[PDB]
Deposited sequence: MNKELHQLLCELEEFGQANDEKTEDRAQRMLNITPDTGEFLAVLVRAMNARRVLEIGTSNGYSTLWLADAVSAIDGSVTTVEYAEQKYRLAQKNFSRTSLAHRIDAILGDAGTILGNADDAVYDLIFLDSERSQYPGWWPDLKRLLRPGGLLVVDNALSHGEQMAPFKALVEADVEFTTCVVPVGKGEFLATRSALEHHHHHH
């Protein structure tokens, strides 16, 4: 895994082999998945699977799984090759398809952590599905929050207006927008 990550890092930041996240964003996800015991992870935006490998290693440490979604066949096949080079492929459900469809069909409260690194213009439309898929207590992590503040702004505003979420921005890599869903009232 260490060797494979180092080889993938030789291509630098985003042609299909260029990385969708910084290495220190991957390190951040590694800590978050372990620290919140996030056994059920969803990723929207596999790219070549670099981010997925950090998530998959993390869920392997807590006997969990990653479901990832990628629009582009070219990136998906690179991702399949990368996963085939590790013992972690069995922990990854890699879907080649349309995230709006995949999100529309998933079940309620099924994910502990969702990592979003896809088409930012789509996020406001996906928000009802992202909110219902995230368990109460779960965490949403969104990449490119500072590199692409203007594109992210409508989505960040929707999430910040939702009293059921606590949010922040972490300037790791291209910026992470974090949002955690409150527990509901219980007896």
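Coordinate gaps, deposited numbering | Holes in the chain trace, numbered from 1: 1-4, 19-26, 200-203.
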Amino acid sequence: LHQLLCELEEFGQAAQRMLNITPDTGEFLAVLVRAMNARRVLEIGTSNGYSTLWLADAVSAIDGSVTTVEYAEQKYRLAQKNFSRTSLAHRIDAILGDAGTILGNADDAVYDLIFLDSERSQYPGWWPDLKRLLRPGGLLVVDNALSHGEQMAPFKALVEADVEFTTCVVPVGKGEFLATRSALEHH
From here on, numbers count along this sequence of modelled residues.
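With respect to the recorded C-alpha B factors, which stretch has the higher mean value, 56-64 or 140-148?
-> Higher mean C-alpha B-factor: 56-64.
Which of 109-117 and 86-94 has higher mean CA B factor, as the PDB entry lists it = Stretch with the higher mean C-alpha B-factor: 86-94.
Go through 21, 172, 178, 15 one by one and give the residue whose Cα B-factor in the PDB entry is largest.
-> Spelled out: the listed residue with the top C-alpha B-factor is 15.
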